[PDB]
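Source file query.cif; content: mmCIF, C-alpha atoms.
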data_work
loop_
_atom_site.group_PDB
_atom_site.id
_atom_site.type_symbol
_atom_site.label_atom_id
_atom_site.label_comp_id
_atom_site.auth_asym_id
_atom_site.auth_seq_id
_atom_site.Cartn_x
_atom_site.Cartn_y
_atom_site.Cartn_z
ATOM 1 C CA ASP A 1 4.720 -8.532 -78.804
ATOM 2 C CA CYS A 2 6.459 -7.635 -82.230
ATOM 3 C CA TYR A 3 7.741 -4.097 -82.622
ATOM 4 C CA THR A 4 10.712 -2.848 -80.919
ATOM 5 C CA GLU A 5 10.950 -0.057 -78.421
ATOM 6 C CA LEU A 6 12.885 2.118 -80.892
ATOM 7 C CA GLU A 7 10.414 1.203 -83.556
ATOM 8 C CA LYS A 8 7.447 2.099 -81.163
ATOM 9 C CA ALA A 9 9.085 5.428 -80.540
ATOM 10 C CA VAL A 10 9.497 6.300 -84.272
ATOM 11 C CA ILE A 11 5.935 5.499 -84.588
ATOM 12 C CA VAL A 12 4.935 7.891 -81.781
ATOM 13 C CA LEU A 13 7.159 10.575 -83.416
ATOM 14 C CA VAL A 14 5.368 9.990 -86.729
ATOM 15 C CA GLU A 15 1.804 9.815 -85.185
ATOM 16 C CA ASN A 16 2.544 13.010 -83.322
ATOM 17 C CA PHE A 17 3.351 14.923 -86.324
ATOM 18 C CA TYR A 18 0.223 13.844 -88.178
ATOM 19 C CA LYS A 19 -1.907 14.685 -85.079
ATOM 20 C CA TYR A 20 -1.009 18.363 -85.831
ATOM 21 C CA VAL A 21 -2.151 18.483 -89.416
ATOM 22 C CA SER A 22 -5.876 19.968 -89.298
ATOM 23 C CA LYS A 23 -8.715 17.799 -90.583
ATOM 24 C CA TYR A 24 -9.689 18.745 -94.162
ATOM 25 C CA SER A 25 -6.324 20.363 -94.662
ATOM 26 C CA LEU A 26 -5.719 20.399 -98.543
ATOM 27 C CA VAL A 27 -1.968 19.786 -97.429
ATOM 28 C CA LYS A 28 -2.303 16.897 -95.352
ATOM 29 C CA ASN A 29 1.606 15.971 -95.116
ATOM 30 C CA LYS A 30 2.393 19.388 -93.539
ATOM 31 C CA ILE A 31 1.637 21.240 -90.203
ATOM 32 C CA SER A 32 1.304 24.947 -89.646
ATOM 33 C CA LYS A 33 3.815 27.084 -87.671
ATOM 34 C CA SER A 34 1.233 27.931 -85.125
ATOM 35 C CA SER A 35 0.151 24.202 -84.861
ATOM 36 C CA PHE A 36 3.857 23.317 -84.249
ATOM 37 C CA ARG A 37 4.221 25.975 -81.383
ATOM 38 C CA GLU A 38 1.083 24.527 -80.003
ATOM 39 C CA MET A 39 2.696 20.958 -80.067
ATOM 40 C CA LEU A 40 5.883 22.108 -78.429
ATOM 41 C CA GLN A 41 3.989 23.853 -75.671
ATOM 42 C CA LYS A 42 1.664 20.806 -75.127
ATOM 43 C CA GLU A 43 3.799 17.636 -76.086
ATOM 44 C CA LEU A 44 7.300 18.804 -74.806
ATOM 45 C CA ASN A 45 6.523 21.105 -71.958
ATOM 46 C CA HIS A 46 8.487 18.939 -69.443
ATOM 47 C CA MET A 47 11.554 18.930 -71.656
ATOM 48 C CA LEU A 48 10.964 22.524 -72.384
ATOM 49 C CA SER A 49 10.769 23.989 -68.870
ATOM 50 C CA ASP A 50 14.016 25.615 -68.801
ATOM 51 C CA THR A 51 13.658 29.089 -70.427
ATOM 52 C CA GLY A 52 16.854 28.888 -72.227
ATOM 53 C CA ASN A 53 15.279 25.716 -73.557
ATOM 54 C CA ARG A 54 12.038 27.282 -74.499
ATOM 55 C CA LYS A 55 13.653 30.197 -76.058
ATOM 56 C CA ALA A 56 16.177 28.289 -78.211
ATOM 57 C CA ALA A 57 13.143 26.274 -79.555
ATOM 58 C CA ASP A 58 11.246 29.402 -80.942
ATOM 59 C CA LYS A 59 14.350 30.730 -82.675
ATOM 60 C CA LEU A 60 14.464 27.485 -84.596
ATOM 61 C CA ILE A 61 10.773 27.972 -85.524
ATOM 62 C CA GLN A 62 11.350 31.694 -86.299
ATOM 63 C CA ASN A 63 14.834 30.947 -88.029
ATOM 64 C CA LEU A 64 13.101 28.482 -90.333
ATOM 65 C CA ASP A 65 13.248 28.617 -94.350
ATOM 66 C CA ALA A 66 10.664 30.837 -95.989
ATOM 67 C CA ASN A 67 8.682 28.720 -98.668
ATOM 68 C CA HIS A 68 5.943 28.823 -101.613
ATOM 69 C CA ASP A 69 3.323 27.853 -98.835
ATOM 70 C CA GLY A 70 4.995 28.480 -95.391
ATOM 71 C CA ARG A 71 3.951 25.175 -93.833
ATOM 72 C CA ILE A 72 6.315 22.486 -92.176
ATOM 73 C CA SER A 73 7.210 19.124 -93.884
ATOM 74 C CA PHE A 74 7.804 16.081 -91.982
ATOM 75 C CA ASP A 75 11.576 16.294 -92.632
ATOM 76 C CA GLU A 76 11.752 19.665 -91.177
ATOM 77 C CA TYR A 77 9.622 18.866 -88.074
ATOM 78 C CA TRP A 78 12.078 15.934 -87.494
ATOM 79 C CA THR A 79 15.154 18.261 -87.933
ATOM 80 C CA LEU A 80 13.466 20.638 -85.495
ATOM 81 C CA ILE A 81 12.646 18.105 -82.886
ATOM 82 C CA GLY A 82 16.337 17.260 -83.327
ATOM 83 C CA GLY A 83 17.673 20.790 -82.666
ATOM 84 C CA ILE A 84 15.706 20.701 -79.407
ATOM 85 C CA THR A 85 16.673 17.362 -78.473
ATOM 86 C CA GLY A 86 20.246 17.350 -79.453
ATOM 87 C CA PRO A 87 21.980 20.078 -77.150
ATOM 88 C CA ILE A 88 20.299 18.136 -74.287
ATOM 89 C CA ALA A 89 20.815 14.658 -75.040
ATOM 90 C CA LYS A 90 23.687 14.041 -72.781
ATOM 91 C CA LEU A 91 21.474 15.568 -69.985
ATOM 92 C CA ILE A 92 18.499 13.483 -71.064
ATOM 93 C CA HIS A 93 20.746 10.274 -70.730
ATOM 94 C CA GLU A 94 22.296 11.426 -67.408
ATOM 95 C CA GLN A 95 18.837 11.790 -65.979
ATOM 96 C CA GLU A 96 17.856 8.272 -67.065
ATOM 97 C CA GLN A 97 20.890 6.850 -65.187
ATOM 98 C CA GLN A 98 19.754 8.740 -61.939
ATOM 99 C CA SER A 99 16.809 6.365 -61.205
ATOM 100 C CA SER A 100 16.214 2.826 -63.168
ATOM 101 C CA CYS B 1 4.672 11.593 -66.024
ATOM 102 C CA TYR B 2 6.040 12.840 -69.450
ATOM 103 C CA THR B 3 3.917 12.892 -72.624
ATOM 104 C CA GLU B 4 4.206 10.001 -74.945
ATOM 105 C CA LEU B 5 6.273 12.278 -77.372
ATOM 106 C CA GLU B 6 8.741 12.949 -74.496
ATOM 107 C CA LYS B 7 9.107 9.383 -73.540
ATOM 108 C CA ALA B 8 9.859 8.544 -77.293
ATOM 109 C CA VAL B 9 12.529 11.298 -77.513
ATOM 110 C CA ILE B 10 14.057 9.706 -74.481
ATOM 111 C CA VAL B 11 13.879 6.244 -76.116
ATOM 112 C CA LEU B 12 15.878 7.744 -79.173
ATOM 113 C CA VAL B 13 18.531 8.942 -76.644
ATOM 114 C CA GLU B 14 18.769 5.704 -74.621
ATOM 115 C CA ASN B 15 18.960 3.722 -77.775
ATOM 116 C CA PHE B 16 21.926 5.752 -79.220
ATOM 117 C CA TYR B 17 23.937 5.564 -75.928
ATOM 118 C CA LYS B 18 23.044 1.869 -75.653
ATOM 119 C CA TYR B 19 25.242 1.480 -78.824
ATOM 120 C CA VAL B 20 28.242 3.399 -77.246
ATOM 121 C CA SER B 21 30.456 0.386 -76.254
ATOM 122 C CA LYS B 22 31.250 -0.027 -72.654
ATOM 123 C CA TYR B 23 34.598 1.643 -71.842
ATOM 124 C CA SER B 24 34.842 3.534 -75.060
ATOM 125 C CA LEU B 25 37.036 6.531 -74.680
ATOM 126 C CA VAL B 26 34.781 8.644 -76.860
ATOM 127 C CA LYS B 27 31.176 9.264 -75.839
ATOM 128 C CA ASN B 28 28.826 11.340 -77.737
ATOM 129 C CA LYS B 29 29.662 8.757 -80.367
ATOM 130 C CA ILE B 30 28.953 5.323 -81.956
ATOM 131 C CA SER B 31 30.919 3.679 -84.777
ATOM 132 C CA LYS B 32 29.332 2.962 -87.986
ATOM 133 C CA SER B 33 29.450 -0.799 -87.547
ATOM 134 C CA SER B 34 27.400 -0.435 -84.144
ATOM 135 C CA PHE B 35 24.961 1.818 -85.872
ATOM 136 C CA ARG B 36 24.451 -0.968 -88.500
ATOM 137 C CA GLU B 37 24.185 -3.454 -85.590
ATOM 138 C CA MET B 38 21.425 -1.059 -84.311
ATOM 139 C CA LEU B 39 19.703 -0.924 -87.578
ATOM 140 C CA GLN B 40 19.775 -4.711 -87.816
ATOM 141 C CA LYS B 41 18.573 -5.364 -84.226
ATOM 142 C CA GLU B 42 16.470 -2.407 -83.186
ATOM 143 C CA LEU B 43 14.775 -1.581 -86.567
ATOM 144 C CA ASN B 44 14.411 -4.933 -88.113
ATOM 145 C CA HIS B 45 10.598 -4.691 -88.743
ATOM 146 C CA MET B 46 10.909 -1.163 -90.293
ATOM 147 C CA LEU B 47 14.098 -2.110 -92.348
ATOM 148 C CA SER B 48 12.777 -5.493 -93.714
ATOM 149 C CA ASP B 49 12.946 -4.481 -97.125
ATOM 150 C CA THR B 50 16.242 -4.782 -98.907
ATOM 151 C CA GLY B 51 15.129 -1.463 -100.953
ATOM 152 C CA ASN B 52 15.011 0.555 -97.569
ATOM 153 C CA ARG B 53 18.155 -0.977 -96.379
ATOM 154 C CA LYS B 54 20.226 0.031 -99.463
ATOM 155 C CA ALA B 55 18.758 3.595 -98.911
ATOM 156 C CA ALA B 56 19.789 3.606 -95.344
ATOM 157 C CA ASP B 57 23.302 2.092 -96.334
ATOM 158 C CA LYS B 58 23.911 4.888 -98.560
ATOM 159 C CA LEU B 59 23.037 7.552 -95.992
ATOM 160 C CA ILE B 60 25.723 6.179 -93.863
ATOM 161 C CA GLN B 61 28.313 6.409 -96.912
ATOM 162 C CA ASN B 62 27.379 10.084 -97.351
ATOM 163 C CA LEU B 63 28.046 11.221 -93.778
ATOM 164 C CA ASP B 64 31.045 13.787 -93.588
ATOM 165 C CA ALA B 65 34.609 12.544 -93.364
ATOM 166 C CA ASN B 66 35.348 12.248 -89.791
ATOM 167 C CA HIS B 67 38.121 13.430 -87.611
ATOM 168 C CA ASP B 68 36.882 10.112 -85.753
ATOM 169 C CA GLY B 69 35.186 7.810 -88.374
ATOM 170 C CA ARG B 70 32.274 7.761 -85.562
ATOM 171 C CA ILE B 71 28.633 9.032 -85.362
ATOM 172 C CA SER B 72 27.621 12.161 -83.133
ATOM 173 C CA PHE B 73 24.189 12.182 -81.588
ATOM 174 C CA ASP B 74 23.390 14.957 -84.253
ATOM 175 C CA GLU B 75 24.375 12.633 -87.130
ATOM 176 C CA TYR B 76 22.405 9.694 -85.746
ATOM 177 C CA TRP B 77 19.257 11.682 -85.226
ATOM 178 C CA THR B 78 19.534 12.869 -88.930
ATOM 179 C CA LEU B 79 20.176 9.176 -90.138
ATOM 180 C CA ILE B 80 17.121 7.941 -88.087
ATOM 181 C CA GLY B 81 15.181 10.619 -89.833
ATOM 182 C CA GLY B 82 16.650 9.877 -93.211
ATOM 183 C CA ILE B 83 15.209 6.295 -92.670
ATOM 184 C CA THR B 84 11.850 7.550 -91.311
ATOM 185 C CA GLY B 85 11.129 10.489 -93.643
ATOM 186 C CA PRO B 86 10.357 8.520 -96.897
ATOM 187 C CA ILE B 87 8.302 5.823 -95.057
ATOM 188 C CA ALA B 88 6.576 8.239 -92.789
ATOM 189 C CA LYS B 89 3.302 8.217 -94.705
ATOM 190 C CA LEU B 90 3.391 4.453 -94.826
ATOM 191 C CA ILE B 91 3.859 4.319 -90.978
ATOM 192 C CA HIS B 92 0.889 6.722 -90.586
ATOM 193 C CA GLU B 93 -1.441 4.777 -93.029
ATOM 194 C CA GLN B 94 -0.231 1.425 -91.263
ATOM 195 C CA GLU B 95 -1.269 2.598 -87.771
ATOM 196 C CA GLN B 96 -4.559 3.722 -89.335
ATOM 197 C CA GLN B 97 -5.566 0.216 -90.929
#
I'd like the structure from this file rewritten - as structure tokens, please.
Amino acid sequence: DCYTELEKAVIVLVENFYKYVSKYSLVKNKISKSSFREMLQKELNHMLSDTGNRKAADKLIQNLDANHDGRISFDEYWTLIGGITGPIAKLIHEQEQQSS
Amino acid sequence: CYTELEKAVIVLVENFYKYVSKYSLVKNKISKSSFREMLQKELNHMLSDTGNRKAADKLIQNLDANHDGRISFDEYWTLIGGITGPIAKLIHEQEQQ
């Protein structure tokens, strides 16, 4: 009984990123491309059923900024979760209205 | 049901539309004052510190000049992440202890 529901959800977003960093990674604030694709596939595969959906995801992965190291920071993973989740948000909230 | 990561994306979406006022003629949008009411009511354990708050305050001052003065879903997602990015590690090591 303290934390708020939004605050619980930021926490899940934040625990969910760090679950994808491999144990004994010398970069332990960053996840790999292939570990990301693996999260999308496993953690979002309801929200990513459509095939327009699924596809527009991987271009964001593939469109990404080339870097010194090629891994994904937390700020980027957040920005990517948000390109997925943003064109659908109005549909996500519509669907919530449907039932309770 | 949905994975715990899905049900938290959903909770970021119901939370932003909870702060669209009832009968507003714009939605896809909250005003900046309702976003601060959100920060003060929904995020008050994570924004306890005056230091965070003045960082979050200034994110809201650097949003782009609006044809509306209001916040899209896109802007709000990028402000919740501007609040969450710098303390992310801290959230992670907290849940660990």
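For residue B:54, the non-local neighbours within 12 Å, defined as residues at least 5 positions apart in the same chain or in other chains and counting all atoms listed in the file, are residues 36, 39, 47, 48, 49, 59, 60, 61 and 83 of chain B.
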- prompt: Taking only C-alpha atoms into account, which residues of chain B are within 8 Å of chain A, as number ranges by chain?
  reply: B: 2-6, 8-15, 17, 28, 42-43, 45-46, 73-74, 77-78, 81, 84-85, 88-89, 91-92
Taken to one decimal, the atom CA of residue B:65-atom CA of residue B:35 distance is 16.3 Å
Please report, as JSON, the centre and edge lengths in Å to one decimal of an axis-aligned box covering all listed atoms of stretch 28-40 of chain A with 3 Å per side.
{"center_x": 1.8, "center_y": 22.0, "center_z": -86.9, "size_x": 14.2, "size_y": 18.0, "size_z": 22.9}
For this structure, which residues satisfy the selection - the PyMOL selection byres ((chain B and resi 19) around 9) - when it is evaluated on the file as given? I want them as a ChimeraX atom specification. /B:14-18,20-22,29-31,34-35,37-38
Taken to one decimal, the atom CA of residue A:60-atom CA of residue B:80 distance is 20.0 Å
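Interatomic distance, atom CA of residue A:53 to atom CA of residue B:26: 26.1 Å.
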Expansion of the PyMOL selection byres ((chain A and resi 69) around 12) into residues, as number ranges by chain: A: 26-27, 30-33, 65-68, 70-73
- [ ] Would you please work out which residue, of B:1, B:87, B:75, B:44, is nearest to residue B:63 when using all atoms listed in the file?
- [x]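 With all atoms listed in the file as the atom set, the closest residue is B:75.
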